[PDB]
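Read the single chain below, which is given as structure tokens and is the form deposited in one PDB entry.
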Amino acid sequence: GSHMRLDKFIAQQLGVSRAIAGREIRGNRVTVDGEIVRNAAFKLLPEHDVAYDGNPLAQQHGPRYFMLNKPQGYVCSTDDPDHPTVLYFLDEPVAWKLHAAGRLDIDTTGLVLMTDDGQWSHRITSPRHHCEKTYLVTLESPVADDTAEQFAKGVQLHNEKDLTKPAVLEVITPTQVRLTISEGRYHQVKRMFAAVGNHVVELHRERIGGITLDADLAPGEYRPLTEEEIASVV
């Protein structure tokens, strides 16, 4: 249930201690739905209209954060009108207000963080921030023996002045590798492999900073992030 004591809401709104919020409430300065409320423990609901000295104090919908296992065939923005967006999978009120804190291309699958918290989102996506992202990459040809070292030194993408920052590549099978990078350049993973002479056949994101995609969240499924995960997805 979404609810909070009136004295806590007033404290928050006026930037005052809960004790003084109580003082004000008993001072007959606080109204809810037009009537005066002198009780500090009043259970404030989302549908209540609070006012302080005649002035309205709208309540604020808390921020929302979701973990989505993105499937192929859907896009993470309305930039391209030829494909349906990932909102198709979300069944949440005013879902159009949500955006991906780190977009994935149409056929790239995996972890996408849906949120309406711009600050949180920016801390994660900013090109200036070192945020690690790990991908499960399926290759056209068996990985070369020098690729891991290449990625460690950093490679040069086709027509880019500066190399890619050091990334670590773990070989699972000859054609399936796990790659961790800390950048966010456009189509970086696919271009890094093109640069060294291979081709990405399938791309799956498993982690973003401190948040790892659940092993049992099926493609298309999603869920609210826990307080711990929100607390620091890196």
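From 1 onward, residues are counted along the sequence shown. Here, rigid core means the biggest group of C-alpha atoms that superpose within 1.5 Å across both forms.
Visitor: Out of 139-147 and 99-107, which stretch has the higher average CA B-factor listed in the record?
Guide: Mean C-alpha B-factor is greater for 139-147.
Visitor: Do the CA atoms of 200-208 or those of 41-49 have the higher mean B-factor in the entry?
Guide: Taking the mean B-factor of the alpha carbons in each, 41-49 is higher.
Visitor: In this PDB entry, which of 192, 177, 57, 181 has the top CA B-factor?
Guide: Largest recorded C-alpha B-factor: 57.
Visitor: For the listed residues 125, 78, 134, 115, which one has the largest C-alpha B-factor as given in the deposited model?
Guide: Most elevated C-alpha B-factor of the set, per the entry: 78.
Visitor: Quick one: classify residue 154 as lowest, middle or highest third of the chain based on its Cα B-factor.
Guide: Highest third of the chain for residue 154's C-alpha B-factor.
Visitor: If you rank the chain by CA B-factor, which third does residue 86 end up in: lowest, middle or highest?
Guide: Its C-alpha B-factor, which the entry lists for residue 86, ranks in the lowest third among residues of this chain.
Visitor: Sorting the chain's modelled residues by C-alpha B-factor, tell me whether residue 188 ends up in the lowest, middle or highest third.
Guide: Its C-alpha B-factor belongs to the middle third of this chain's values.
Visitor: By its CA B factor, does residue 70 count among the lowest, middle or highest third of the modelled residues in the chain?
Guide: Residue 70: CA B-factor falls in the lowest third of its chain.
What comes next is about the form deposited in another entry, which is not displayed.
Visitor: Comparing between the shown form and the other one on the rigid core, is the C-alpha shift at residue 51 2 Å or larger?
Guide: Yes, the C-alpha position differs by at least 2 Å between the shown form and the other one.
Visitor: Against the rigid core, is the Cα displacement of residue 19 between the shown form and the other one at least 2 Å?
Guide: It does, since the residue 19 C-alpha is displaced 2 Å or more between the shown form and the other one after the core fit.
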